[PDB]
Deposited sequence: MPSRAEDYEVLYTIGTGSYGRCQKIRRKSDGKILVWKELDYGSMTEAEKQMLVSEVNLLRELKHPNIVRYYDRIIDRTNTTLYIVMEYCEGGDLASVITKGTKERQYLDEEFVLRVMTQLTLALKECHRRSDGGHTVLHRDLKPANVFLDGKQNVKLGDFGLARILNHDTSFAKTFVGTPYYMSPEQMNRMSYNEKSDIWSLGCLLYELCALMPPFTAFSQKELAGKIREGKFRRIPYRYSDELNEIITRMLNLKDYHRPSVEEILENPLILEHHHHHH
């Protein structure tokens, strides 16, 4: 819990609220990341919210959720560093982009790993209920074929106008579009992600929000590519049902004959 306990190796990327940097823990040489948060402009009330939210982050321990390790205050630069597990495989948005550029669809086995492991991450989120975001850019891969749901973003729970505005809400469920808790809405979002992993495009595309909402409400989309099994297409399609009560529960997903031990985590 001191900055001097770690050495920054390099900046992985700049997020909406600060840099994510690869770091090395001096005690044992463990490779981790930290995320920078500038709290200099925050009120006491906002900082109190931040404290409560960091503590909730610390409570989520699951093989399929990016692990929280530490928090560091650099009072001199009013910077809070949140230390977390490093995921060497990077994010799924990059995986999708790679598939598109290299003109190569992803293995069904990979899609099954994501479905299995993210469903389990969601199961844990539901048990604890908690902001979560299933977009590909927030799902990560380690070096052992494990899939981890990334942190929501402390500042994000708290720039937030910029991308809440500009961005297109590809994964928003029909019911959340009418009015924002519903665990079946997470299943819809999972369906969108899995669909995009298969098709390399989301199930509903549009250039405007109005157009997108129209498509979402109609609930129609192309079949995922034919290289993917009818069984996989079936389950993704069920997750994209207009009726929340027709979408499979976490339990129903995991009972699917597609899902086997090897699709789960192995550390």
>> Against the full deposited sequence, which stretches does the structure leave out?
In response: 1-2, 132-137, 167-169, 192
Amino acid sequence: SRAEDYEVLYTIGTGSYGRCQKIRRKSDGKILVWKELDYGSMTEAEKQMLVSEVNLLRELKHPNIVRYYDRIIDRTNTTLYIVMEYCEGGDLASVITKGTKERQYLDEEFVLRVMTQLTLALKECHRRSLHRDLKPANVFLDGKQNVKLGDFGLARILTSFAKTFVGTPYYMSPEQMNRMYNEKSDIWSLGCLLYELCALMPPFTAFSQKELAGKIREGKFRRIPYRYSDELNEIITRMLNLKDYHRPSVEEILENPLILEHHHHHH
From here on, numbers count along this sequence of modelled residues.
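Under this definition, the rigid core comprises the largest set of C-alpha atoms superposing within 1.5 Å between the forms.
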> Taking C-alpha RMS after core alignment, which stretch differs more from the shown form in 8 other deposited structures of this protein: 202-210, or 34-42?
Replying inline: 34-42
> Looking at C-alpha RMS in 8 other deposited structures of this protein with the core superposed, is it 230-238 or 45-53 that drifts more?
Replying inline: 45-53
> Among the other entries that model both neighbours of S129, does it go unmodelled in a third or more?
Replying inline: yes
>> So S249 is built in this one, but is it left out in a third or more of the other compared PDB entries that include its neighbours?
In response: no
>> On mean Cα temperature factor in this entry, is 62-70 or 222-230 the higher one?
In response: 62-70
> In the PDB record, does 145-153 or 184-192 carry the higher mean Cα temperature factor?
Replying inline: 145-153
>> Comparing recorded Cα B-factors across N138, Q117, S160, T97, which one is largest?
In response: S160
> Going by what the PDB entry lists, where does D91 fall on CA B-factor within its chain: lowest, middle or highest third?
Replying inline: middle
> Once the chain's modelled residues are ordered by C-alpha B factor and cut into thirds, is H267 in the lowest, middle or highest one?
Replying inline: middle
>> Test of reading the entry: by CA B factor among the chain's modelled residues, which third contains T205?
In response: middle
>> By the recorded C-alpha temperature factor, relative to the other modelled residues in its chain, which third is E7 in?
In response: middle
> With respect to C-alpha B-factor, does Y105 fall in the lowest, middle or highest third of the chain as deposited?
Replying inline: middle
